[PDB]
Amino acid sequence: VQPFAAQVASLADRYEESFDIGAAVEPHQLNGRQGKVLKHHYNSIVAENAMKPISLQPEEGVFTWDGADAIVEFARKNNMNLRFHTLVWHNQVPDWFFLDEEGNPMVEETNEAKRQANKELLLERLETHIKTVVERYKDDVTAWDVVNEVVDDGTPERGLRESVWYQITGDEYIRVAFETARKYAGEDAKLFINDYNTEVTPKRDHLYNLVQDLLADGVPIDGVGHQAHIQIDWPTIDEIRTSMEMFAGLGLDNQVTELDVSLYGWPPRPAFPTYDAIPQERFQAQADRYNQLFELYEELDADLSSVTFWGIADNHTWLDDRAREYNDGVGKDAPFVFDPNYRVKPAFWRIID
Ligand SMILES: [Mg+2]
Ligand code: NA
């Protein structure tokens, strides 16, 4: 019988001299023993979904603040830091951004000069969206994911992701997003570029050259968010260390923003059907990995300000959707230090020590 997580020592207190300890949350997870476990173990939170562009501005000029407000309210109640995820992304972003005035998709425009019109129109919509979102939460947010996932995985030229944003504006939306965010959040606000697989080449190198570029042009960036959607055996600790040291070497702060330690490889196949189908030895392999990982975080704590998990406990993780995707609709992952009943797992004991 592993104990309920309210009966164990605080992760946040354990790491207070090194970095914040954060969780992604939905608004329905903010009371009960969920809320109690949150208050006790975390001193930072982020919205898993409620602050994404489609959750905030689903139609032009139409802002839906209720979910994000609840999260903002919760962090304030419990004296927690707050990350904003995210001002710019290529998913969970409303379609109206990318349509011209006649209502046709900007990406299908073949007239080069009409494409320049579409560049300017889109950038002003971006600017307006950031301006409005940032105004409301400027006093509460402690770190902004200004752009998310703007670097691509392969292509060893520049390696920028050719989402709709890039197809329409090239790299200019990245510049505008950071410059707008600075103007409205304040000179002290901490502006992040956030991404997954930052640990491995060439993606690592593409992200490095992109932030190097933006810093060269006076674009205000303060840190790199490492999503750290990682596995048990990959990437190596030295790849993680090299990655964070490399971005620190550009005068950037590092944050670990979306940490989950999947029980599977990539792709996550074959998968366990239920949580209680998972053998105990996998939980011990996950704990071993967590230990090495947090020993590295502590080692790098001069350049690492916050470590946020992409969830609370194993009852709710986006990795189930990925497991289900590659295993014919059936599959459970288990990436956290707390299990589906909010009981501690072996990994908890290995990072609380
Ligand atoms: Mg340990
Ligand atoms: Na630190």
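Peer 1: Tell me about the packing of helix 8 (residues 203-216) against helix 9 (residues 237-248), residues and numbers included.
Peer 2: One can describe the packing of helix 8 onto helix 9 by two numbers: an axis separation of 11 Å at closest approach and a directional angle of 10 degrees. Between helix 8 and helix 9, the interaxial angle falls into the category roughly parallel. Where helix 8 abuts helix 9, its residues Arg204, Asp205, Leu207 and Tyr208 lie against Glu239, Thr242, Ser243, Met246 and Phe247.

Peer 1: Hey, could you go over the packing of helix 9 against helix 10 (residues 280-299) for me, with residue numbers and the actual values?
Peer 2: Following both chains from N to C, one finds helix 9 and helix 10 inclined at 25 degrees, their axes separated by 10 Å at the closest point. The pairing of helix 9 with helix 10 is recorded here as roughly parallel in orientation. For the pair helix 9 and helix 10, the crossing hand works out as right-handed. Contact with helix 9, carried on its side by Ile237, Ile240, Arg241 and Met244, involves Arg289, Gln292, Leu293, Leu296, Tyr297 and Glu299 of helix 10 and no other residues of that element. In terms of residue class, the contact of helix 9 with helix 10 is made up of six nonpolar, one polar and three charged.

Peer 1: Can you explain the coordination of the magnesium ion (ligand 1)? Please cite residues and give values.
Peer 2: Coordination sphere of the magnesium ion (ligand 1), protein contribution only: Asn291 (OD1), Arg350 (O) and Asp353 (OD), at 2.2 to 2.3 Å. Mapped onto the polypeptide sequence, the residues donating to the magnesium ion (ligand 1) form the spacing pattern N-x58-R-x2-D.

Peer 1: Give a detailed account of the coordination of the sodium ion (ligand 2), specifying residues and quantitative values.
Peer 2: Surrounding the sodium ion (ligand 2) are the protein donor atoms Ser18 (O), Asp301 (O) and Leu304 (O), which sit 2.2 to 2.3 Å from the metal. Of the residues examined, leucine 304 reaches a relative accessible area of 2% and is grouped as buried.

Peer 1: Residue-level account of the UniProt feature "active site" (unreviewed entry) in the chain, with values.
Peer 2: Mapped onto this numbering, the UniProt entry gives "active site" (unreviewed entry) at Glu258. According to the relative accessible area criterion, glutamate 258 is buried, its value standing at 5%. The contact partners of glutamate 258, leaving out residues within four places of it in the chain, are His85, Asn148, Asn194, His226, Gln227, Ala228, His229, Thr308, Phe309 and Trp310. A polar atom in the side chain of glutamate 258 sits 2.8 Å from the side chain of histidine 229.

So, how was this worked out
- We count residues from 1 along each chain, following the written sequence rather than the entry's numbering, and we skip any residue without coordinates.
- Chain labels run from A onward and ligand labels from 1 onward, assigned in the order the entries are written.
- Each side-chain value is derived from all of the structure's non-hydrogen atoms; neither hydrogens nor water enter the calculation.
- Residues with missing side-chain atoms are left out of burial classes, side-chain pairs and their counts.
- A fitted line through C-alpha atoms represents every axis, and for helices the fit uses only the stretch in contact; the resulting angles, taken between N-to-C directions, go from 0 to 180 degrees.
- Only DSSP runs of H or I covering at least 4 residues are called helices, and only runs of E covering at least 2 are called strands; the numbering of each starts at the N terminus.
- An angle counts as roughly parallel when it lies under 35 degrees, as roughly antiparallel when it exceeds 145, as roughly perpendicular when it falls between 65 and 115, and as oblique in every other case.
- Throughout, a residue-residue contact means that at least one pair of heavy atoms, one from each residue, lies within 4.5 Å.
- In a left-handed crossing the near helix is turned counterclockwise from the far helix by less than a right angle, and in a right-handed crossing that turn is clockwise.
- For this scheme, ten residues count as nonpolar: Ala, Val, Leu, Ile, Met, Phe, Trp, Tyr, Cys and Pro. Four count as charged, namely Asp, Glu, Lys and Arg, and the remainder, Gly too, count as polar.
- Distances up to 2.8 Å from the metal define which N, O and S atoms are donors, and 3.2 Å serves for Na, K and Ca; water is absent from the atom set, so sites may look incomplete.
- Three labels apply to residues, based on accessible area from a 1.4 Å probe with only protein chains included: buried if under 20% of the type maximum, exposed if over 50%, partly exposed otherwise in between.
- UniProt positions are given in the numbering used here, feature names are shortened, and annotations may be inferred rather than shown by experiment.
- Counting of polar contacts relies on pairs of N or O atoms within 3.5 Å, with two restrictions inside protein: one atom must be capable of donating a hydrogen and the other of accepting it, and residues adjacent in sequence are counted only when both atoms are side-chain atoms.

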